[PDB]
Amino acid sequence: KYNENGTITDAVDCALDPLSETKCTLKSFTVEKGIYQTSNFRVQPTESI
Amino acid sequence: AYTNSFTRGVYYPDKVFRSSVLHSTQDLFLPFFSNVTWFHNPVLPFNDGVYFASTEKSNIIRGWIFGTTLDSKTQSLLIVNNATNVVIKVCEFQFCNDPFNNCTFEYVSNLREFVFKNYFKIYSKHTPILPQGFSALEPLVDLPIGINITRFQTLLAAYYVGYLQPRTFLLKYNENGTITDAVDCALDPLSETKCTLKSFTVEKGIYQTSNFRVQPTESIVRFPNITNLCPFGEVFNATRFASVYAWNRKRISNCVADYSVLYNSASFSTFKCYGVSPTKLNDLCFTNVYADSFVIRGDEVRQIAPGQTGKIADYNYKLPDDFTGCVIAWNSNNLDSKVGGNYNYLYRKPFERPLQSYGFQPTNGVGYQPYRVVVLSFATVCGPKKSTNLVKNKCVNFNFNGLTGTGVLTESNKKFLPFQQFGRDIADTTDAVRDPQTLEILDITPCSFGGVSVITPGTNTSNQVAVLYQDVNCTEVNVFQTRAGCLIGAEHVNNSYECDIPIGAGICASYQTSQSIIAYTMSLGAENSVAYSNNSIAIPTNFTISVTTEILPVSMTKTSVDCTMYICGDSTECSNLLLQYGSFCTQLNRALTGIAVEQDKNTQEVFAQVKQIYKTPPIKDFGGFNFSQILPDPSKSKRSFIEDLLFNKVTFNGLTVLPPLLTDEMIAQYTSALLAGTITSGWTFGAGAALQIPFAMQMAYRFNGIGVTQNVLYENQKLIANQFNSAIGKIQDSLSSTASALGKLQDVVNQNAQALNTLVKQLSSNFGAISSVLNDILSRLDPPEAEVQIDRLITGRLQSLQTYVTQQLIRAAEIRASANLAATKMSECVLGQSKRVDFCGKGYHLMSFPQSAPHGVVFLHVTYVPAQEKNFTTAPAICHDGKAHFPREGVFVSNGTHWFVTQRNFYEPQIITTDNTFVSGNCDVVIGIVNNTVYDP
Amino acid sequence: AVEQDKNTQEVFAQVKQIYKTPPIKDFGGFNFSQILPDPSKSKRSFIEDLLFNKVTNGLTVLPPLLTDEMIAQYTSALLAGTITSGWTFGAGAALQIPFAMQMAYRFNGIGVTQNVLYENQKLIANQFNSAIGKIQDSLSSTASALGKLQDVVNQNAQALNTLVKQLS
Amino acid sequence: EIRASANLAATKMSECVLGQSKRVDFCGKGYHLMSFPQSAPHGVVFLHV
Amino acid sequence: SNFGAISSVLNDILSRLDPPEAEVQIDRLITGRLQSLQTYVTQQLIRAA
Ligand SMILES: *[C@@H]1O[C@H](CO)[C@@H](O[C@@H]2O[C@H](CO)[C@@H](O)[C@H](O)[C@H]2NC(C)=O)[C@H](O)[C@H]1NC(C)=O
Ligand SMILES: *[C@@H]1O[C@H](CO)[C@@H](O[C@@H]2O[C@H](CO)[C@@H](O)[C@H](O)[C@H]2NC(C)=O)[C@H](O)[C@H]1NC(C)=O
Ligand SMILES: *[C@@H]1O[C@H](CO)[C@@H](O[C@@H]2O[C@H](CO)[C@@H](O)[C@H](O)[C@H]2NC(C)=O)[C@H](O)[C@H]1NC(C)=O
Ligand SMILES: *[C@@H]1O[C@H](CO)[C@@H](O[C@@H]2O[C@H](CO)[C@@H](O)[C@H](O)[C@H]2NC(C)=O)[C@H](O)[C@H]1NC(C)=O
Ligand SMILES: *[C@@H]1O[C@H](CO)[C@@H](O)[C@H](O)[C@H]1NC(C)=O
Ligand SMILES: *[C@@H]1O[C@H](CO)[C@@H](O)[C@H](O)[C@H]1NC(C)=O
Ligand SMILES: *[C@@H]1O[C@H](CO)[C@@H](O)[C@H](O)[C@H]1NC(C)=O
Ligand SMILES: *[C@@H]1O[C@H](CO)[C@@H](O)[C@H](O)[C@H]1NC(C)=O
Ligand SMILES: *[C@@H]1O[C@H](CO)[C@@H](O)[C@H](O)[C@H]1NC(C)=O
Ligand SMILES: *[C@@H]1O[C@H](CO)[C@@H](O)[C@H](O)[C@H]1NC(C)=O
Ligand SMILES: *[C@@H]1O[C@H](CO)[C@@H](O)[C@H](O)[C@H]1NC(C)=O
Ligand SMILES: *[C@@H]1O[C@H](CO)[C@@H](O)[C@H](O)[C@H]1NC(C)=O
Ligand SMILES: *[C@@H]1O[C@H](CO)[C@@H](O)[C@H](O)[C@H]1NC(C)=O
Ligand SMILES: *[C@@H]1O[C@H](CO)[C@@H](O)[C@H](O)[C@H]1NC(C)=O
Ligand SMILES: *[C@@H]1O[C@H](CO)[C@@H](O)[C@H](O)[C@H]1NC(C)=O
Ligand SMILES: *[C@@H]1O[C@H](CO)[C@@H](O)[C@H](O)[C@H]1NC(C)=O
Ligand SMILES: *[C@@H]1O[C@H](CO)[C@@H](O)[C@H](O)[C@H]1NC(C)=O
Ligand SMILES: *[C@@H]1O[C@H](CO)[C@@H](O)[C@H](O)[C@H]1NC(C)=O
């Protein structure tokens, strides 16, 4: 978040928690009441065959 | 002797397992119902490949020979089954005239079927018992020989030989991956329909499966007939030639230069071109051509070339090393040579013009003879492009100067100006041309074409079809010519009927009685008339209560597509490239999310008209009206008998489906509440509080609302309740009997399924890429090259999603409009009594009941419809004491002796009294007024 | 293309039977001869002819299922019903009614007692007849009167012309 | 849009021609009595009385 | 967005490259931006309906 003088005054770490994910998805520091789709859960491979 | 191959000649096209799927493929298969030669030894054609089959008891046939000669010289393929094994060899075998080294390959291992096709592969099947039936042959032997086979011989019992063709088949794979059936897409128009629809079953209707296009039969090439030629005869047939030191240079320009004379002529000792091919000189064009003409000694003619040295090449006549042109020369021993010696020819940068003479004499050797040499050094000098004759009134491939195309040439009426060679239609389209040889103008009519539609009854009834060729005549293609096109196979019938399968322009087709496809002008309904007069009125004396069913869609499947997983499924390299498109991926996700939300809004707006959940009592006394088939069944999902009938008649790539907020039970609770409200409190629950009312009384209001006095209901209450109960039973029979009753909901499901199926199928497309599979690109190419192939897939897949989303949004607009209408109908039709004609079905609307349904809502509309009527004499008014009496309600009628007053929607004559009529104006004013007596109580 | 035939049928095919008018035109003084089909000619009314006369690569065009004559038959049937059986052919049977009585209903339907119609029937019929003549003058004089239909045609023509020109 | 227009036209024929509309300004200005349909190129024209 | 181009800025492409290559980089931006307008217009027409 850049203010009027171009100084970064805030930030969202998009991997910190599910609310941060919502804030990054909506490109906002405020999230309104509701349900939002932000990602896609995926099981990762553990072996190489 | 020949036999019918029926459906034999199918084999597994590859080594990939498939199951429970209809797969379309094109390969060399035996065409269905083809002609196979029946043998019971000769060398036969192989063509593209061979279908071979035999029926044996004693196993006489042992093998085959394949090749081009079957007689040494080259390799032949010998496949022989002998004793306990099979021996395959491809040696340069010397065969007997009547059979029955340098080897590159050798290998050693009742109805029998084989496929021998090209390297060479063998497919086969062996079954106990040419018999009719179907099975698929499987690959057993792969022979990577690279051997040319044009002919083959069978080594010896009956056998059949057919030939394979590159035609498309729809192959049906069962649960175990066995091909159990097939459609030959080239067999007939029904097979084409089955292949087009990717199904072995075809529904009744008209389908466009192909396109008819008239092909050109010959080509026409036209150029001006050589108005200007260059004088090559003044160079090669010149009376006198110059020396090599100081030669003649003639300029060749502004002409058609025909070099076939110089090339083909046998008078030349040599003809060689350096920069260009000597046989392309008439196709080529040069800016300028110059002829350098001189006489030199035979042995020195070899110096007239690029890259040469010597007396001529260095001091007299030098050519460039990058010289473009042709050197032509011939002996002049009988022309220039003289007995005492011709010494008039003298010799010493490229083309740059002390000296000695040549002693040219007729008696010297060949190397000492004079040769006349002409060098043509190479826009204004172009070759004689050849023309052909022009053919009119046929489809041709034409070429007029620089303009080409396909069409039919006919005489025009277009007055081209003296300098105009070509013409155009409004959309920059060639309409006519001027012939370059003859000053005539010809119109170009595009060769006839149009869609090809197959008209068919369902395949559950008949496999007979008719074919309609759209917007064409019956010359280019039991034939009926109509405005819509040329219909072949349907009979023309004079009698009109209700439309079944539409053709267009007033024409429909059907399958009727023995039965055949017919075409006819459609009927718009029965012809009738109203028995109108100034003094006659028809008034209903009886009525029925009917129930109709109106089926409306409310919602779409709430699909959702993950744009990243769809395009770049578990691929980091693809995702990095996908991000170069900014928000395009995000926009697609947002658009689909918005629709999924809208679909819950549609359902809520349509069903949640009531904020409370109402239920009927254990008391079902509604005055004889039986609602048990529309009310929820308490022993079960809590749905009615009709609701169950409605539901029972409708059916890993980032594509998922989200559930609706309101489930089938929740909707059932809303339709239950609305129904309980409708039955026990009428419309009052809609306006506000649910106010209980006896059902018979509620109906009294419903009847007054349509102009039928309440006493009619009570006097005929038993009749009305019985008609209602019967009508509901009829609804159940209709819904149970045919699933087509709910086509409107099934159509929504089908369109959404097709949209999703299309989106998945597009994943297999290459879009110009080396592979449709992202993982196969990544495993083959390094990033500098892989990224290009991936971008091709991203553009195609991203474009596919954009197409899908646009279609879903437009379709959603239709569904939303339907949902808005359904919501409007429920409020005005169920939670009230609509007066809008044909809004709640035909008749005078009384009441309606909602029912739940998959992806939509179904309404049962209960309406009042006149059943029986009589012809009454009428008048607008009656005369009493000279004053004009008008009815307060209803009309005046006469039975032939007495006048009565009665309500318009039900005949119920009353005595005309001062309490039934009012007075306004008089008998000298009202037109059509008649004499009567009005009773005064 | 299929949808466009559905639109046509939903709008015009609203009557189960094709009804014709009688040889008598005694409709209480109301003159409908300019909206009824001309029996001497394409079986269309005088006004319908005015309406029609004011509207003007791999690409083909399919005909409609219902041709101008089929539409004319439906408008004729609907009109015959409207004039001789009022609103009842809509609900069910095409019950005959004298035109003056049909209008009496129509007047009561707007809160005006039917005696007004009969007392002023000559005036009302004359005003109606005049108004229809005015419709004909308006349609004949002002081509733009049907601008909505011309605009749909123009938009479709432009869409096709754009598609073809893009080939260049 | 054409479909929506056709649906409106169909509604009008059913309520305005076959019946007697009580919907204000649905069948033109004034108190609606009756209407008559006329055919037209690519559409329908109504005369509202 | 780059849309496959070396730069999202048209003036940067023109200042850095001569036409033989600049036209390629520009064509990539034209396809992407033309596609973006087509997407926008389609959404405006549907929303407008
Ligand atoms: C309402 O109609 C249902 C039928 O739709 C009646 O139920 C049937 O009653 C008969 C006689 O007892 C049984 O033989 C049938 O098997 C019943 N059918 C079903 C589906 O249950 C019901 O009795 C009627 N109720 C009233 C009050 O008339
Ligand atoms: C018209 O209706 C009147 C009234 O019902 C009929 O006159 C009656 O006819 C019955 C015999 O069916 C007599 O018993 C009554 O006394 C008659 N009433 C009067 C007032 O005369 C009359 O017959 C009917 N006319 C026709 C042609 O049906
Ligand atoms: C109703 O009956 C009366 C007779 O009682 C009719 O009045 C007569 O009409 C004729 C013809 O114009 C005159 O010659 C008589 O002198 C009139 N008689 C009286 C007493 O006025 C009247 O016209 C009839 N009306 C209808 C509608 O039939
Ligand atoms: C309806 O009005 C038309 C005029 O618009 C009448 O037709 C005219 O009839 C007269 C004879 O009385 C002829 O001289 C005219 O030439 C006709 N004109 C046209 C345009 O046809 C028609 O007769 C009237 N019909 C009714 C039932 O009143
Ligand atoms: C910008 O700087 C000025 C001082 O020059 C300060 O008064 C103002 O509040 C600053 N604005 C922001 C958003 O930090
Ligand atoms: C095979 O050809 C003969 C003509 O020689 C023809 O009569 C017969 O019907 C054909 N059979 C099939 C199956 O095509
Ligand atoms: C089949 O014929 C070949 C001829 O080369 C012979 O070598 C082979 O042994 C024969 N097979 C058997 C089972 O005898
Ligand atoms: C086999 O190849 C040799 C050359 O190595 C050739 O001379 C001989 O004729 C060939 N065999 C036959 C049957 O032609
Ligand atoms: C196979 O032999 C034929 C001559 O019978 C010849 O025309 C054809 O080109 C040959 N094909 C190949 C692939 O050698
Ligand atoms: C698959 O094989 C099993 C075992 O032979 C058989 O019972 C089953 O019917 C087969 N399925 C099909 C579709 O033929
Ligand atoms: C072609 O020859 C015809 C005579 O057969 C002549 O009339 C015509 O003008 C010639 N055309 C050209 C272009 O020379
Ligand atoms: C030279 O004359 C002969 C005989 O007439 C002729 O056949 C040949 O084509 C002529 N050569 C050229 C270049 O015209
Ligand atoms: C349609 O054909 C199937 C057999 O594939 C049969 O079971 C079904 O009853 C038939 N339906 C009708 C309506 O004849
Ligand atoms: C083309 O169709 C018309 C009917 O519209 C017919 O009269 C004409 O003869 C047909 N043309 C040919 C060459 O048969
Ligand atoms: C219709 O009937 C006429 C005789 O009135 C006859 O000439 C014509 O061929 C018949 N057409 C059909 C399709 O039956
Ligand atoms: C109407 O017709 C039915 C026969 O379907 C009869 O039972 C009923 O009594 C009749 N009602 C009247 C009012 O005529
Ligand atoms: C009324 O009279 C006409 C003409 O005779 C006849 O066609 C019609 O069927 C009659 N209506 C009734 C209800 O009898
Ligand atoms: C009703 O029509 C008949 C037959 O044309 C006629 O004799 C009678 O006078 C007409 N009635 C009125 C009131 O015009």
# chains A, B, ... in the order shown; residues from 1 in each chain; ligands from 1
call {"tool": "interface_residues", "arguments": {"of": "chain E", "to": "chain D", "cutoff": "12 Å", "atoms": "only C-alpha atoms", "output": "mmCIF file with C-alpha atoms, in the first residue's frame"}}
result
data_model
loop_
_atom_site.group_PDB
_atom_site.id
_atom_site.type_symbol
_atom_site.label_atom_id
_atom_site.label_comp_id
_atom_site.auth_asym_id
_atom_site.auth_seq_id
_atom_site.Cartn_x
_atom_site.Cartn_y
_atom_site.Cartn_z
ATOM 1 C CA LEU E 45 -23.140 -5.590 -24.249
ATOM 2 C CA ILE E 46 -24.290 -8.473 -22.064
ATOM 3 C CA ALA E 48 -26.245 -3.634 -20.996
ATOM 4 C CA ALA E 49 -28.882 -6.191 -21.950
#
call {"tool": "residues_near_ligand", "arguments": {"ligand": "ligand 4", "cutoff": "10 Å", "atoms": "only C-alpha atoms and all ligand atoms", "output": "list in words"}}
result
residues 24, 25, 26, 27, 28, 29, 30, 31, 32, 33, 34, 46, 129, 130, 132, 133 and 136 of chain C
call {"tool": "write_last_selection", "arguments": {"atoms": "C-alpha atoms", "output": "CSV table (one decimal), in the first residue's frame"}}
result
chain,number,residue,atom,x,y,z
C,24,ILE,CA,-71.4,-9.5,-44.4
C,25,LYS,CA,-69.5,-6.6,-43.0
C,26,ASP,CA,-72.2,-5.2,-40.8
C,27,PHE,CA,-70.2,-4.8,-37.7
C,28,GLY,CA,-72.3,-2.1,-36.1
C,29,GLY,CA,-71.0,0.6,-38.5
C,30,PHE,CA,-67.3,-0.2,-37.8
C,31,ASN,CA,-65.3,-0.5,-41.1
C,32,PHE,CA,-62.6,-3.1,-40.9
C,33,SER,CA,-62.1,-3.5,-44.6
C,34,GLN,CA,-58.6,-1.9,-44.5
C,46,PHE,CA,-54.5,-2.8,-47.4
C,129,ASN,CA,-63.4,4.6,-39.2
C,130,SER,CA,-61.7,8.0,-39.4
C,132,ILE,CA,-58.1,3.9,-39.5
C,133,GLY,CA,-57.9,6.1,-42.5
C,136,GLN,CA,-53.1,4.5,-43.7
call {"tool": "interface_residues", "arguments": {"of": "chain B", "to": "chain D", "cutoff": "10 Å", "atoms": "only C-alpha atoms", "output": "number ranges by chain"}}
result
B: 814, 817, 835-839
call {"tool": "select_by_dssp", "arguments": {"residues": "chain D", "states": "helix (DSSP H, G or I)", "output": "PyMOL selection string"}}
result
chain D and resi 2-17
call {"tool": "residues_near_ligand", "arguments": {"ligand": "ligand 9", "cutoff": "10 Å", "atoms": "only C-alpha atoms and all ligand atoms", "output": "ChimeraX atom specification"}}
result
/B:67-69,146-151
call {"tool": "interface_residues", "arguments": {"of": "chain B", "to": "chain A", "cutoff": "10 Å", "atoms": "only C-alpha atoms", "output": "PDB file with N, CA and C atoms, in the first residue's frame"}}
result
ATOM      1  N   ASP B 562     -11.555 -23.511 -12.995  1.00  0.00           N
ATOM      2  CA  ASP B 562     -10.299 -22.932 -12.560  1.00  0.00           C
ATOM      3  C   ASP B 562      -9.452 -22.706 -13.807  1.00  0.00           C
ATOM      4  N   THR B 564      -6.509 -21.487 -14.423  1.00  0.00           N
ATOM      5  CA  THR B 564      -5.096 -21.859 -14.355  1.00  0.00           C
ATOM      6  C   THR B 564      -4.953 -23.363 -14.462  1.00  0.00           C
ATOM      7  N   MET B 565      -5.781 -24.102 -13.732  1.00  0.00           N
ATOM      8  CA  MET B 565      -5.688 -25.553 -13.800  1.00  0.00           C
ATOM      9  C   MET B 565      -6.093 -26.073 -15.177  1.00  0.00           C
ATOM     10  N   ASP B 570      -1.086 -28.092 -13.142  1.00  0.00           N
ATOM     11  CA  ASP B 570       0.092 -28.452 -12.368  1.00  0.00           C
ATOM     12  C   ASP B 570       1.389 -28.185 -13.131  1.00  0.00           C
ATOM     13  N   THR B 586      -8.094 -14.330 -14.578  1.00  0.00           N
ATOM     14  CA  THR B 586      -8.902 -13.823 -13.461  1.00  0.00           C
ATOM     15  C   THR B 586     -10.307 -13.401 -13.898  1.00  0.00           C
ATOM     16  N   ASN B 589     -12.525 -16.379 -14.237  1.00  0.00           N
ATOM     17  CA  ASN B 589     -12.931 -16.907 -12.942  1.00  0.00           C
ATOM     18  C   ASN B 589     -14.039 -16.048 -12.336  1.00  0.00           C
ATOM     19  N   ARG B 590     -13.926 -14.726 -12.499  1.00  0.00           N
ATOM     20  CA  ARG B 590     -14.922 -13.810 -11.956  1.00  0.00           C
ATOM     21  C   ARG B 590     -16.262 -13.951 -12.657  1.00  0.00           C
ATOM     22  N   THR B 593     -17.970 -17.095 -11.492  1.00  0.00           N
ATOM     23  CA  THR B 593     -18.393 -16.962 -10.106  1.00  0.00           C
ATOM     24  C   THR B 593     -19.681 -16.156 -10.042  1.00  0.00           C
ATOM     25  N   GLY B 654      -9.920 -29.044 -13.973  1.00  0.00           N
ATOM     26  CA  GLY B 654     -10.210 -27.728 -13.410  1.00  0.00           C
ATOM     27  C   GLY B 654     -11.696 -27.409 -13.479  1.00  0.00           C
TER      28      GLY B 654
END
call {"tool": "atom_distance", "arguments": {"atom1": "atom CA of residue 168 of chain C", "atom2": "atom CA of residue 802 of chain B"}}
result
25.8 Å
call {"tool": "atom_distance", "arguments": {"atom1": "atom CA of residue 19 of chain C", "atom2": "atom CA of residue 528 of chain B"}}
result
5.0 Å
call {"tool": "residues_near_ligand", "arguments": {"ligand": "ligand 13", "cutoff": "10 Å", "atoms": "only C-alpha atoms and all ligand atoms", "output": "PyMOL selection string"}}
result
chain B and resi 201+458-461+737-738
call {"tool": "write_last_selection", "arguments": {"atoms": "N, CA, C and O atoms", "output": "PDB file, in the first residue's frame"}}
result
ATOM      1  N   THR B 201     -27.718 -43.868 -31.850  1.00  0.00           N
ATOM      2  CA  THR B 201     -29.158 -43.637 -31.809  1.00  0.00           C
ATOM      3  C   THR B 201     -29.457 -42.211 -32.256  1.00  0.00           C
ATOM      4  O   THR B 201     -28.837 -41.258 -31.780  1.00  0.00           O
ATOM      5  N   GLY B 458     -37.360 -41.089 -35.718  1.00  0.00           N
ATOM      6  CA  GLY B 458     -36.391 -41.640 -34.787  1.00  0.00           C
ATOM      7  C   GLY B 458     -36.005 -43.049 -35.217  1.00  0.00           C
ATOM      8  O   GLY B 458     -36.843 -43.795 -35.742  1.00  0.00           O
ATOM      9  N   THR B 459     -34.760 -43.436 -34.924  1.00  0.00           N
ATOM     10  CA  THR B 459     -34.247 -44.770 -35.284  1.00  0.00           C
ATOM     11  C   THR B 459     -34.914 -45.928 -34.516  1.00  0.00           C
ATOM     12  O   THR B 459     -34.720 -47.093 -34.862  1.00  0.00           O
ATOM     13  N   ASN B 460     -35.740 -45.591 -33.510  1.00  0.00           N
ATOM     14  CA  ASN B 460     -36.580 -46.532 -32.767  1.00  0.00           C
ATOM     15  C   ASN B 460     -37.772 -47.013 -33.621  1.00  0.00           C
ATOM     16  O   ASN B 460     -38.407 -48.016 -33.289  1.00  0.00           O
ATOM     17  N   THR B 461     -38.087 -46.284 -34.724  1.00  0.00           N
ATOM     18  CA  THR B 461     -39.194 -46.566 -35.643  1.00  0.00           C
ATOM     19  C   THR B 461     -38.693 -46.983 -37.024  1.00  0.00           C
ATOM     20  O   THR B 461     -39.175 -47.965 -37.591  1.00  0.00           O
ATOM     21  N   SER B 737     -45.988 -41.160 -18.951  1.00  0.00           N
ATOM     22  CA  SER B 737     -45.883 -41.739 -20.282  1.00  0.00           C
ATOM     23  C   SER B 737     -44.726 -41.190 -21.110  1.00  0.00           C
ATOM     24  O   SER B 737     -43.978 -41.961 -21.717  1.00  0.00           O
ATOM     25  N   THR B 738     -44.556 -39.868 -21.160  1.00  0.00           N
ATOM     26  CA  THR B 738     -43.479 -39.359 -22.001  1.00  0.00           C
ATOM     27  C   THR B 738     -42.547 -38.382 -21.307  1.00  0.00           C
ATOM     28  O   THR B 738     -42.962 -37.398 -20.695  1.00  0.00           O
TER      29      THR B 738
END
call {"tool": "interface_residues", "arguments": {"of": "chain B", "to": "chain C", "cutoff": "8 Å", "atoms": "only C-alpha atoms", "output": "ChimeraX atom specification"}}
result
/B:427-428,450,470-471,483-484,502-507,524-539,837-838,842-844,865-866,876,886,920-921,925-927
call {"tool": "residues_around", "arguments": {"residues": "residue 52 of chain C", "least_positions_apart": "5", "cutoff": "10 Å", "atoms": "only C-alpha atoms", "output": "PDB file with N, CA, C and O atoms, in the first residue's frame"}}
result
ATOM      1  N   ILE C  47     -53.621  -2.170 -45.217  1.00  0.00           N
ATOM      2  CA  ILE C  47     -52.599  -1.723 -44.281  1.00  0.00           C
ATOM      3  C   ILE C  47     -51.391  -2.647 -44.285  1.00  0.00           C
ATOM      4  O   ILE C  47     -50.259  -2.168 -44.241  1.00  0.00           O
ATOM      5  N   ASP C  68     -44.860 -15.440 -45.572  1.00  0.00           N
ATOM      6  CA  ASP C  68     -45.767 -14.304 -45.440  1.00  0.00           C
ATOM      7  C   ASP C  68     -47.231 -14.716 -45.543  1.00  0.00           C
ATOM      8  O   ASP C  68     -48.086 -14.120 -44.885  1.00  0.00           O
ATOM      9  N   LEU C 146     -42.071   2.601 -39.527  1.00  0.00           N
ATOM     10  CA  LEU C 146     -41.658   1.227 -39.246  1.00  0.00           C
ATOM     11  C   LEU C 146     -40.147   1.127 -39.103  1.00  0.00           C
ATOM     12  O   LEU C 146     -39.553   0.073 -39.360  1.00  0.00           O
TER      13      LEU C 146
ATOM     14  N   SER D  39     -49.621  -8.206 -40.060  1.00  0.00           N
ATOM     15  CA  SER D  39     -48.310  -8.768 -40.348  1.00  0.00           C
ATOM     16  C   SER D  39     -47.362  -7.701 -40.880  1.00  0.00           C
ATOM     17  O   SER D  39     -47.796  -6.671 -41.399  1.00  0.00           O
ATOM     18  N   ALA D  40     -46.067  -7.962 -40.763  1.00  0.00           N
ATOM     19  CA  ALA D  40     -45.045  -7.051 -41.252  1.00  0.00           C
ATOM     20  C   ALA D  40     -43.748  -7.838 -41.466  1.00  0.00           C
ATOM     21  O   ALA D  40     -43.599  -8.929 -40.909  1.00  0.00           O
ATOM     22  N   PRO D  41     -42.811  -7.357 -42.288  1.00  0.00           N
ATOM     23  CA  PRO D  41     -41.519  -7.971 -42.486  1.00  0.00           C
ATOM     24  C   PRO D  41     -40.788  -8.114 -41.170  1.00  0.00           C
ATOM     25  O   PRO D  41     -40.588  -7.133 -40.458  1.00  0.00           O
ATOM     26  N   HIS D  42     -40.371  -9.333 -40.866  1.00  0.00           N
ATOM     27  CA  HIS D  42     -39.586  -9.637 -39.677  1.00  0.00           C
ATOM     28  C   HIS D  42     -40.242  -9.213 -38.357  1.00  0.00           C
ATOM     29  O   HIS D  42     -39.546  -9.077 -37.342  1.00  0.00           O
TER      30      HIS D  42
END
call {"tool": "residues_near_ligand", "arguments": {"ligand": "ligand 2", "cutoff": "6 Å", "atoms": "only C-alpha atoms and all ligand atoms", "output": "list in words"}}
result
residues 895, 896, 897 and 898 of chain B
call {"tool": "residues_around", "arguments": {"residues": "segment 1-4 of chain E", "least_positions_apart": "5", "cutoff": "7 Å", "atoms": "only C-alpha atoms", "output": "ChimeraX atom specification"}}
result
/B:580-582 /E:28-29,32
call {"tool": "residues_near_ligand", "arguments": {"ligand": "ligand 12", "cutoff": "9 Å", "atoms": "only C-alpha atoms and all ligand atoms", "output": "number ranges by chain"}}
result
B: 231-238, 259, 261-262, 265, 267
call {"tool": "interface_residues", "arguments": {"of": "chain B", "to": "chain E", "cutoff": "12 Å", "atoms": "only C-alpha atoms", "output": "compact mmCIF listing (two decimals) with C-alpha atoms, in the first residue's frame"}}
result
# COMPACT_ATOMS: atom_id res chain seq x y z
CA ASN B 576 4.70 -18.17 -15.74
CA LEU B 577 3.69 -17.68 -19.39
CA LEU B 578 -0.04 -17.48 -18.57
CA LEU B 579 0.70 -14.51 -16.28
CA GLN B 580 1.87 -12.54 -19.32
CA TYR B 581 -1.80 -12.20 -20.22
CA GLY B 582 -2.47 -10.24 -17.04
CA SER B 583 -6.02 -10.57 -15.76
CA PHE B 584 -7.48 -12.57 -18.66
CA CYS B 585 -7.40 -15.77 -16.48
CA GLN B 587 -11.70 -12.30 -15.56
CA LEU B 588 -12.86 -15.77 -16.56
CA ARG B 590 -14.92 -13.81 -11.96
CA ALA B 591 -17.46 -14.20 -14.75
CA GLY B 594 -20.91 -14.21 -10.84
CA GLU B 787 7.69 -21.59 -24.27
CA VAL B 788 6.68 -21.10 -27.90
CA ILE B 790 3.17 -23.64 -24.70
CA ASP B 791 2.08 -20.15 -25.79
CA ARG B 792 0.28 -21.81 -28.71
CA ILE B 794 -2.33 -21.09 -23.92
CA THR B 795 -3.79 -18.94 -26.66
CA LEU B 798 -7.57 -19.28 -23.02
CA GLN B 799 -9.62 -18.47 -26.14
CA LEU B 801 -12.48 -20.48 -21.96
CA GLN B 802 -13.44 -17.03 -23.23
CA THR B 803 -15.79 -18.63 -25.76
CA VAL B 805 -17.78 -18.06 -20.62
CA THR B 806 -19.40 -15.82 -23.23
CA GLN B 807 -21.81 -18.64 -24.10
CA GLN B 808 -22.57 -19.28 -20.41
CA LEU B 809 -23.31 -15.59 -19.79
CA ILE B 810 -25.61 -15.24 -22.78
CA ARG B 811 -27.35 -18.51 -21.91
CA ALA B 812 -27.59 -17.31 -18.31
CA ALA B 813 -29.38 -14.18 -19.50
CA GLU B 814 -32.02 -16.46 -21.05
CA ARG B 816 -32.57 -15.34 -15.76
CA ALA B 817 -35.33 -13.99 -18.00
call {"tool": "residues_around", "arguments": {"residues": "residue 26 of chain E", "least_positions_apart": "3", "cutoff": "8 Å", "atoms": "only C-alpha atoms", "output": "MDAnalysis selection string"}}
result
chainID E and resid 5 10 13 22:23 29:30
